[PDB]
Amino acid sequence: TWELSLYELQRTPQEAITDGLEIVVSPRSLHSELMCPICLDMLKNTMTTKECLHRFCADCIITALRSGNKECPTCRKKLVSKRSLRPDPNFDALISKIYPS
């Protein structure tokens, strides 16, 4: 269900912070979010499952799909093929923003 709550039908935007504010990103602040579950390294050439929005290095998820097992390595949902995934350039961009490589 995508029905909007009473708070939701009315909610107003969370305005952007536009001052010199610096964000302190410590090594774990985004560890879970930016790590590939398969290689345990930082995501590279992110590919993302369409069904469950879970992210993997392109080479990692492709290798795992070649290694037989047609599941999302994260939640077990059916993956037919590479076409069940999509490259996630935006995710790569955020990562390159914070940690240029």
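Residue numbers run from 1 along the displayed sequence.
> Mean C-alpha B-factor higher for 61-69, or for 38-46?
On average, C-alpha B-factors are higher across 61-69.
> Return whichever of 26-34 and 52-60 has the greater mean Cα B factor according to the PDB record.
Taking the mean C-alpha B-factor of 26-34 and of 52-60, the larger value falls to 26-34.
> Please place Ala16 in the lowest, middle or highest third of its chain according to the CA B-factor in the PDB entry.
It falls in the middle third of the chain.
> Within this chain's modelled residues, let me know which third the CA B factor of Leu79 belongs to: lowest, middle or highest.
According to the entry, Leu79 has a C-alpha B-factor in the chain's highest third.
> Could you say whether, by C-alpha temperature factor, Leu9 belongs to the lowest, middle or highest third of its chain?
Highest third of the chain for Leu9's C-alpha B-factor.
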